[PDB]
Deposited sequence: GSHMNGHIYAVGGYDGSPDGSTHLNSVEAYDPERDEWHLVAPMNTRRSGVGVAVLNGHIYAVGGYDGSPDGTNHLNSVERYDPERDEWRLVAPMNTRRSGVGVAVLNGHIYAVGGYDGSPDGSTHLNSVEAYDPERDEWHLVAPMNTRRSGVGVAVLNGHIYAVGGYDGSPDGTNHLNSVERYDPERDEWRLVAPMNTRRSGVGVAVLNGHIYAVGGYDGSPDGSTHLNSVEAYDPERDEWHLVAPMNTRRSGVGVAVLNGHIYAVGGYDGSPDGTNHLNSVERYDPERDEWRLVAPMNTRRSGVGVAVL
C-alpha cells in the first residue's frame, strides 16, 4: 500500500529511497540502497523490492551496473543478490510468473554492446539470471509492463533514434512480437498497467513530454488521454489504489523534479500530490 521511489539523479546519483503513504499524503525516507543507481529498474516480487541495474556516476562508482539488490520492508534493509549477465542502465523491469525480467537498457561498459535488445530472467529460488529471447529492437530508456500474461516493451531509444514502437513477449513460446506503435516517440517513458490498458506516460521525443497514451490490447490501438500537468522525461510510474502515479522525472522545458501527480482513469484527470523529499529523474518506482 505504499509507493517506493528508488534512486535516480538530482541536479548526484542517488542511493536514497522514499515511500509514499496515500492515506497521509506524505513521503518518508527508508533505508538507502547499497549502491547509487540512476536509470534503475524496480520490481516487486514476494514481498520484496528489487533494484536492478542502473548507473552509478559517483566518483568511485562502477558506471553501468549489472548488480541487483533486494529490499526487505520488515527489516528495512537492502541485500545484494546475483548480478545480471549484462550491465544495463536505463533498463525496464517486469515481474511475471514468479520471475523478474530485465529488458533492454544500455551497456556502456568497455566492450559493451551499447543499446540492448537482450532480455534476461531472474529466478529468486536459484538466485540466477538467464538470457531469454531478445527483442526485435534495441531499446535503452525503455518502459515495460505486464498485461494479460505478456511483457510489453514500450518506446526507448536506439543508436543510429527515439522509438514509438512497442513489442510483446510471450513467455510460453519465448518470443517477442511487435504490436501497434504509439502516437508519439518516447524514450525515458514511464509505463504502467491499469484497468486492462497499458499507459505510456511522458518521456522524451528527440521535447520533454506531458502527453500520455493508453493501449487497448483488444483493438491493438493507442489513444491519447489527458496529459500530465508537468512535462516529465525519465519519469517513474506505478499504480496504487486505482490511480497511476507519475513520480519525479525531468522537465527540460524546473529541471529535476520532486513533484508527483496521480491519474484517475474514471475521470481522465491528473492531480498533483505531495512532492518527494528529493528531486529524482531516472527514478525507479514500485508499489508494495
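Trainee: How would you write out the unmodelled ranges of the deposited sequence, numbered from 1?
Mentor: Those parts of the chain that were deposited but carry no coordinates are 1 to 5, 17 to 21, 171 to 174, 221 to 225, 273 to 275.
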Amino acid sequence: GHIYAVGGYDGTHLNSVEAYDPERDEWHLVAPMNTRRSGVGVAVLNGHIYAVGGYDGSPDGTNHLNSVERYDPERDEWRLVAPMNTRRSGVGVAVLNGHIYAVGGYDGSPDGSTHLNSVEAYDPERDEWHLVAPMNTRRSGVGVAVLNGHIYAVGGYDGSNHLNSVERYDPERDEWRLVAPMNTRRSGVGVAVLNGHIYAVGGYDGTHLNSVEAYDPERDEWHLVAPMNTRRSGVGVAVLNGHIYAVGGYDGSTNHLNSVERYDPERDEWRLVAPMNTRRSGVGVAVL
From here on, numbers count along this sequence of modelled residues.
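Trainee: Pick between 107 to 115 and 92 to 100: the one whose mean CA B-factor in the entry is higher.
Mentor: Comparing 107 to 115 with 92 to 100, the higher mean C-alpha B-factor belongs to 107 to 115.
Trainee: Could you check the entry and say whether 172 to 180 or 139 to 147 has the higher mean CA B-factor?
Mentor: Per the PDB record, 172 to 180.
Trainee: Would you mind finding, among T230, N66, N46, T35, the residue with the largest C-alpha temperature factor in the entry?
Mentor: Answer, based on the entry's C-alpha B-factors: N46.
Trainee: Maximum C-alpha temperature factor per the entry, among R79, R185, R87, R126, belongs to which one?
Mentor: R126 has the highest C-alpha B-factor of those listed.
Trainee: Could you place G7 in the lowest, middle or highest third of its chain by Cα temperature factor, using the values in the record?
Mentor: As the PDB entry reports it, the C-alpha B-factor of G7 lands in the lowest third of its chain.
Trainee: Sorting the chain's modelled residues by C-alpha B-factor, tell me whether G284 ends up in the lowest, middle or highest third.
Mentor: CA B-factor rank for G284: lowest third.
Trainee: Please place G236 in the lowest, middle or highest third of its chain by C-alpha B factor as given in the entry.
Mentor: It falls in the bottom third of the chain.
Trainee: Sort the modelled residues of this chain by their C-alpha B factor and say whether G54 lands in the lowest, middle or highest third.
Mentor: Within its chain, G54 is a lowest-third residue by C-alpha B-factor, going by the deposited values.
Trainee: How does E18 rank on Cα B-factor within its chain, lowest, middle or highest third?
Mentor: For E18, the deposited C-alpha B-factor lands in the lowest third.
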